[PDB]
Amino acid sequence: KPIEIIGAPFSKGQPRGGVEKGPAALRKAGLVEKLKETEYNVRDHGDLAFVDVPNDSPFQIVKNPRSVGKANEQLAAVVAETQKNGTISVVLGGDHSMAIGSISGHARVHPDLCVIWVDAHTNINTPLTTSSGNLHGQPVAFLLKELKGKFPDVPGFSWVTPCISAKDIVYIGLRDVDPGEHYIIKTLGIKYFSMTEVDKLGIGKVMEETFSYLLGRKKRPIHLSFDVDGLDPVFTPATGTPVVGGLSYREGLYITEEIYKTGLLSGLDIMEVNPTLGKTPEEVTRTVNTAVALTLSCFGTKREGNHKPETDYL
């Protein structure tokens, strides 16, 4: 199978500059070369160049609406392409607001996809419920069908079409949810595994249930949107919104190893890696290294080891 790396060095989805440097840091770490060592064919599409919308006045509270809306429109164009050629898209973030265009483009080709959102947040704030106008915490609001018309149209997002419903998404790792977001997920009945469910069940049983929930009836493509703050700050410290008591390095790898095993991975997002937020160079090395390790586990790298088929090592 083919893999296409897509760099989305974008940061207007939030106030902390630095996430744009994410793709570079991940490539600098040898992400592309390491992937080629796997059984997949790898093609690096390079980094997208995002045109900055001048005079991007805030829409009520929402900041940089047009810049974000445009960058995502361009990204969804690119993704919907690579998918068309039947390749697996891998988007290197920049902030999680780019999930809008990554999933949108993906859905255009595979309308029956389901999503597994690993994060410490929901990001289902609507332009009306955000305490801050930051879009990185609003991605899912723009995508769901149920939240259609429940908030005013935003400048630059008119091209967006709610592609997935509340039944097609599952959250894993939640631990920092605003009152508004919590109201939303409870009301729409969205399936989620907050850290307390993970503690109660064990990452093993959690993956078992997310699969039977999303793939029980129909086998469909899976879009894994991974926010790096999904794991505890001890493993991925260089992010903008670190929350204590998250997913361990082991639980994170377990999740990607399983998803690999389903053989249904299609889209993948490695978001929020911010190289400039590391207190020491080591914190940054730590962060990037796990991110790379996750990506790698999504495409086959097993902890138990790997050996090339047809090769008699004896």
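For every residue, the number given is its place in the sequence shown, counted from 1.
- When the C-alpha B-factors of 50-58 and 263-271 are averaged, 50-58 comes out higher.
- Looking at 229-237 and 134-142 together, the entry lists the larger mean B-factor for 134-142, computed on C-alpha atoms.
- The entry assigns its greatest Cα B factor, within the set 176, 81, 119, 199, to 81.
- Sorting the modelled residues of the chain by their CA temperature factor places residue 37 in the middle third.
- When all modelled residues of the chain are sorted by CA temperature factor, residue 14 is found within the middle third.
- When the CA B factors of the chain's modelled residues are split into thirds, the value for residue 221 lands in the middle one.
- Sorting the modelled residues of the chain by their CA temperature factor places residue 30 in the lowest third.
- Sort the chain's modelled residues by C-alpha temperature factor and residue 106 lands in the highest third, per the entry.
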